[PDB]
Amino acid sequence: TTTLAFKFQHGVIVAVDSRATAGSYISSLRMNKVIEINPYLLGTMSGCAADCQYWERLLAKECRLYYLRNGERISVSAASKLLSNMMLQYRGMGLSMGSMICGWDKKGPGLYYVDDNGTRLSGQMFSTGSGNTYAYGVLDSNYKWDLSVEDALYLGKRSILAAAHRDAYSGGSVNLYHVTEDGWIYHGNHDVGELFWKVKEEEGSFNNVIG
Amino acid sequence: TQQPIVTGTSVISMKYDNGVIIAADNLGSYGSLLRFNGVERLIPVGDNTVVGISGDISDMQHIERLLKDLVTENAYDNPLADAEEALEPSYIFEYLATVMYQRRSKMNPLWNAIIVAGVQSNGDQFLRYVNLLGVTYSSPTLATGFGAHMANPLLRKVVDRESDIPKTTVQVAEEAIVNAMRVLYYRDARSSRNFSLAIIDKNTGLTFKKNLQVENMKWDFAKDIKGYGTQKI
Amino acid sequence: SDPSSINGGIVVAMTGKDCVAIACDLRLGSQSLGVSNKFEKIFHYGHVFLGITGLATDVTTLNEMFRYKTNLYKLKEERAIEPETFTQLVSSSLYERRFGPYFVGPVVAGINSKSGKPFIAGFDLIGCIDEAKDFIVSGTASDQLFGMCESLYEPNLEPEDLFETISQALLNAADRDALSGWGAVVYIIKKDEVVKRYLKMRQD
Amino acid sequence: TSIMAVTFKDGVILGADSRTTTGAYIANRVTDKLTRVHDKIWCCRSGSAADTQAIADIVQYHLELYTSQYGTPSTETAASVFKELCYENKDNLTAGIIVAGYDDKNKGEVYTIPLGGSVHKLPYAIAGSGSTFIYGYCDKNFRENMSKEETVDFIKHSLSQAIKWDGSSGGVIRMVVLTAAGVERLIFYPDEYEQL
Amino acid sequence: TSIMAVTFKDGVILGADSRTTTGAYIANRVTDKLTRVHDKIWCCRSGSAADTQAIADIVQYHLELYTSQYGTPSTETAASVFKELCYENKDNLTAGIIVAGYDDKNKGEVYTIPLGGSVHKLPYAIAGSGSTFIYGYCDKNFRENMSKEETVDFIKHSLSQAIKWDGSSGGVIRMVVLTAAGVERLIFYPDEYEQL
Amino acid sequence: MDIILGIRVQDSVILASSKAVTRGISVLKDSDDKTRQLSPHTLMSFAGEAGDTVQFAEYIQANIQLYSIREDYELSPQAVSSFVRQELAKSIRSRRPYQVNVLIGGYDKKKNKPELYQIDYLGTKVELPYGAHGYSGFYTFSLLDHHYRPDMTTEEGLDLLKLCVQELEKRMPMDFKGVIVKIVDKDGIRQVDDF
Amino acid sequence: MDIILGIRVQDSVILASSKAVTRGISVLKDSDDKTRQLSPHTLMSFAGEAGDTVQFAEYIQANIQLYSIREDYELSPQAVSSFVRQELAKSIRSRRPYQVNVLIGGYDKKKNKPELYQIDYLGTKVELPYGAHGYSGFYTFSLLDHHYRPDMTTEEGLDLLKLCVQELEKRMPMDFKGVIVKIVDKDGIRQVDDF
Amino acid sequence: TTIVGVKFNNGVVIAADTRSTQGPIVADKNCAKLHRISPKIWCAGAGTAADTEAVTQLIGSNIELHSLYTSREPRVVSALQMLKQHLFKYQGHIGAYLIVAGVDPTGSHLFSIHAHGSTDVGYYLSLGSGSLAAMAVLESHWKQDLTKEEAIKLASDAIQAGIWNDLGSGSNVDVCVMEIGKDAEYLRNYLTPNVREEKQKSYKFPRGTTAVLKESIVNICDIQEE
Amino acid sequence: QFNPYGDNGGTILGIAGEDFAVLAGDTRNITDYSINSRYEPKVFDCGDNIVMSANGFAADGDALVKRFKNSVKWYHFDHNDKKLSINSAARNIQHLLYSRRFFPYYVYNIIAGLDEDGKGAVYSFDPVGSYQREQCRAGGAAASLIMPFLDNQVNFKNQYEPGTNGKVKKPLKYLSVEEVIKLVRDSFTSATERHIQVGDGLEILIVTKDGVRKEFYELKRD
């Protein structure tokens, strides 16, 4: 896998690939690596698929219970912390999970990285998975706070494409999300095969590849 | 986790038109030492079931006691213990299969391979296998250990599929089993000449044969074999 | 670590009616990293075609070696080598390194210039010949190629039909293998004309 | 494997079972473990079949060449050639050989060559995996200067017990009699020796 | 170790050597391996001395408590208590025990309990490292319903050979006779049994 | 050593190589030149196990210089790269293989074309528009895939190279102490003294 | 994490801690604050295994804050350091020990003295004028041994600290992405925003 | 692999299945495991497929030269001796397990040979993963004084047992009969009990289905005149 | 040392139609190079119009299916005989698998049936409990042989329309139950040829609004 997420002027972008592998065999061409915890909360998935699904769906239970008890949406900071504390219970037991908790709350847009070790980091931009290095390359050179929603969605899309191309264990399709103060907005499933040829022609990139 | 110490080799079995046949030799091996020569590895449960066991003998004796206790427990507050509510082969097998899988799940297995042969209330033949891993399967022929490699091929020439069962008589089936036991004696280094055989028929009931021997053996051709290549004398 | 799957790649060959086809992907990688999308794995010595999968250094090395040997064969014999003869040469050359082998999966394809009979063959890394009538597969997606070839293949296909069958077998096998893809090439071979086609495929 | 060689009044007798195993599978149930390196010098082989065959073939070569130059070799000389091979290649071999032969001068002689490559001249010898079970029986029942018929019964009874307890041993009991009269091969089937 | 138990007409006899080794050092050359768990139920111990002593002590406790409540226990009952301990603790034990006892109803009985914790009732039993060397001898020479004197000679000759070939066995030969008459201890020294 | 980069533009080949040399936990040198001139229009950068790298590079250099004197003629970059590959492919099955990865940047005076060859320690050769060894490609190839054109000038090639180094300096945990950059073109080999 | 430094001057304690956080081969963050305020005049920096560090620091923070509320009184830096040591010494013989090394910088308002305590994951406590964890001391202690005086001002302490960071940046193979510096004195805890 | 060898009245017969595997995958459905050492000496091999071929060709080559040198027809004991000494030298690293059979002026012979260099003699033998299934049949039905027709039946029945009951064996049955005073008859695909059934559908594609970027003619001819 | 796991071979295949679903699997059961049974059912009707197959280690496969069948029974008891929807069954199975995260059920699980809108549904699982809804999925020994063929012949991957040359894709037209069964039979016939653990027999369970129907076909026994 490759996942990314970044904050900007108009909220936070979330982009992931959809490939799943069992060794060198591609077990799945299209797997959902985002989880919708609530209308204002998202969660990315990298590592063991089972661990990612179980614990983040269990987080949504606990985030939902928070709303019922307090009559108010949980913060991104609190949600990420609950998850990191779950990881800390099964400390050294062999869980493999790398996720970004993305959302909008009272403090504005929020983005936290959380992994199996219990690490919990706040930041503007993150990328996880085997192809994160390729994604960071495009993100770091093109990112601004002053990005438009249209350009930002493209950046996250183009960054995954870069990784899907080079990384053998990343590909399939791109799932886009945009988080606003009115909630998250799904911006579709984009096949990499078709997207690659399109970007090549329109952008002029990937000159070394023949098509 | 353990290792098997005193062991029993192949148990072989097959279905025929009116019932099932099961057989196993009377040896208890201690590694390469043929230590114990009077070991019964076919254990009847009532008059409708025979459980054949291979592998660790100490675990076999444990299982033997569980089955003996199962019969006792089934008779408690049961006026139909010798009739409608008697123990069935399927009940006995599923009990053992439950025990075997639980024990492997605690990483403390019963180091055995078991075949439960019998006839049900409705006359249907029952033949199912279970082992130390809790793995279960059924087939017209079943065999454990070396029997799986050498006996099944011979027994499957008689009953290759389900439709061959009604065409197979008890005489033919017994003949095939007895021939298979001879082949195992030729080729299995951990086998013995003495064996036990059991037939469970839906009409004639349970026939248990002890102190059987492998006979009609071919050895004469050995006299002509000389050296390992070039030697003539 | 496994030399036969560091660089990745696949090769497949098929027989048709008075023709043969051989195809390969263009990927070369360092495990997860894709390095080249122009690494062709099929070579030809006269009218005999050889596809090689596995460790890239050995692929390159063996090409240069069989070029060496076939050029000498031709100077002495005063004729081009035939597929049946070349197949034995490959087997001989691989087995001479029995206890220090080239980590490869070669595939021979060609038409005997005298009899006109289509010919394909495959080898393990140590020289064992697989002379199949229908098809030969090799590479990191060999399991995938076996499934495709076994279901899609039918005997006595015409060149332009054989092209479609072999191309679809390769493409769809490569799309279920992380270490294969990044382009593809198909050779359609007839007794006295050979066409080479680069396929369009997903670049991930 | 169960092998033995026994000296008696008129010469020497070699005896062996016929079972060859690969784990618990019996690869050959009618093996001939009594092998000839010279007219009246035979050996019983135990250990790696590859190693013991390769050795016995080389020894046969040496004794054939010895005979061409120097005449009929002694049993001691044959045992020395075995030893030299077993001792100098001990790191790469797993061979336990019993050598037995007949001269008119020295009569019946038995030499045993265990794993290390040492040589031991004996009145009788036992070896193989099944030998362990008959150390007590053979020690109690062996006598010097037995008759041919007594010696055959001794080997038959002994190997019968070795076969009975050792799973790696079995099949038929082969025997080779070495005397001035010549070379006699014997065979005894299960139905004969099992009922002893 | 070399231990055995043999049934005969009037009851049963247990026999054993007296050597206890720590590697090649003989830690005790006059060990008593014949241990009493009840008046006329004795056992022979093989394997870990710590394990077999701990077991026999627990069994003695169980049979003492059994007797206080239910009267004199059977030899089968004693063997069952041994088994239950050896079987349920098989992962942490290395014990090979032979149980032997006398009833007036059941007379002389012998049970052997090898490493796994299985139970085998037999006419006679042998165990210990030295038992391997006398499987053939004991099988050939054992008869049912022997006299006391015949049975003593059988055990004496058998253990004599086990001691002769097994370095882990040696010393004196101790024997315990179990009959209706009572309990008789016997001892046989090297100068007696070595010359057999 | 660690990072070596290469890019082939319109009329030249540019090689960038790190300056750091580490021994134990201490950086012994921050100005090391990980390259050797094989011929007037052929440059080879290298990275791998300590000691082996320089020994291999100098051995190759000596062989190419010997060829140049013998024939009074400069071998093409393609010919040199093939010679180097064969030596590495020969090496990998030796008793003790040379653990060296190289980039060969050359200008072919016959064809009037720049050429960049990437060869790893196994003897795996590939001709590329841009290349790297080790982990360097994981960070930089996405930028190169995006920005690279074949008609780029030398100055544009240097600007794209700066962007690659900046990305490395940001996302690598490793301090490689900057890079020495060298340009190979029709006029020969020269070093960019300010980078 | 990697580098944490500490120095006790005349009237304050200065703690410097690296900003880098690495996961795999990628630097995920270059602005991480490896410290927690335990009380108004007590600061603890930390370094060790991923996840364990923050969990331990926050657990200590919670306990000291609980004590402060219960007694309406601030524990002395010495008392806090002893509490922390005991928790680590308790931890080292646990089923899964917490692999965390800490520096505790505090100003004792009773004695009017700055205090610096160095505690490793085993529970090894030492009071020092300057301290470090891991490899940090190998590069910096020679400079501190030379330049350190007990009557130094806060400004002089910062200048000596800059020299230590410069030496680390030169001789470490590791890019730790600079340091966040915090000062602990009679007026409390403040961060030096330009360093 | 399943292989057998059976002696009869006036000669010997060997047989083999035709499946070769790469782990659980079937590489070749019609492999030829019956190799020729000399005209009337045939061997059949299990284990490492390249080793059984290479070692058979090498000894066969040396046997041919030996036959030419001595002006005599090659003997099975020569092939046996040359094989075992070669295999012994490589200490099992050449994974060739063979059944060697043939006829020569001495008579008919049947030997087995293992990778480490040990040889055996027999009237009936079996090697490979299906040896136990095949041996069960041989032990059940073999007898002294078999005819040619009975031996071929027994041999093929033994291979079938391996085909059906062993996953490492399958497809067809090859046979070679070596009778005294006759030419050896190689019966390739003597039995064909595993023909694939007709597929339910044809997967022939419409022409133009596959997307193409470039086309080009490949020059396989040499450099031309004029 | 005791190894609690084993491999019983076998291969399974689930395909979701427009208003139907199929779950197929071979009937061969094996250990190493031996055949245990030529007919050992592997695909089960679990009630509520749901079919299930746990392929891999048979003991764990039988245990999981047994527990899910039990979960269906108790779902009726606890929730007033309400029908367990395929999506609800899928989520339930995830929690059954993850209850053994640290001693996994060594099986690749597939269930099939109809969703609440009456459309065909297939869900696939990994041993530790990750799941997702799919149109097409092969599992087990010969999964890598079959899946690429289904990408090509079910989803028309790499297939374009003649004349356009790669510009226009082959349109994704729906498949009938008769068409799907043909693709299933050819998939297993091809898998049987090239995989030694696949053979003996093929059993297909078809699910429609009318219920669960069975079809059996012979496979090669070598």
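Here the chain labels run A, B, C, D, E, F, G, H and I in written order, and each chain numbers its own residues starting at 1.
The working rule: contacts are C-beta pairs under 8 Å (C-beta built on N, C-alpha and C of every residue); 3 or more make two chains touch, one makes a residue touch a chain.
Path length between subunit B and subunit I in the touching-chain graph (shortest route): 1. Chain I has the Cα centre that lies closest to the mean of all protein Cα atoms in view.
Most remote chain with respect to subunit F, judged by CA-atom centres, is E. The rotation that brings the Cα trace of subunit D onto that of subunit E spans 180°, given to the nearest 5.
Spacing of subunit D relative to subunit H, judged by their CA centroids, is 36 angstrom. Between the CA-based centres of subunit G and subunit H the separation comes to 76 Å, rounded to the whole angstrom. With each centre defined as the average position of its C-alpha atoms, the distance from subunit F to subunit H rounds to 53 Å. Counting only residues that touch two or more partner chains, subunit H has 25, 84, 118-122, 132, 164-165, 199, 203, 205-207, 209-214.
Shared interface positions of subunit D, i.e. residues touching 2 or more other chains, are given as 25, 30-32, 49, 53, 164-165. Those residues of subunit G in touch with two or more other chains are numbered 25-26. Those residues of subunit I whose C-beta lies close enough to touch subunit B in the complex are 1-2, 4-6, 8, 29, 31, 34-40, 57-59, 62-63, 103.
Across the interface of their complex, subunit E is touched by residues 132-140, 157-158, 161-162, 164-165 of subunit D. Against subunit C, in their complex, subunit F makes its touches with residues 85, 88-89, 92-93, 118, 120, 122-128, 131, 137-138, 141. Partner subunit C is touched in their complex by these residues of subunit H: 20, 22, 25, 27-28, 30-31, 48-51, 53-54, 93-94, 199, 202-207, 209-218, 220.
Residues 5, 8, 29, 31-34, 37-38, 140, 175-179, 183, 198, 200-204 of subunit C touch subunit A in their complex.
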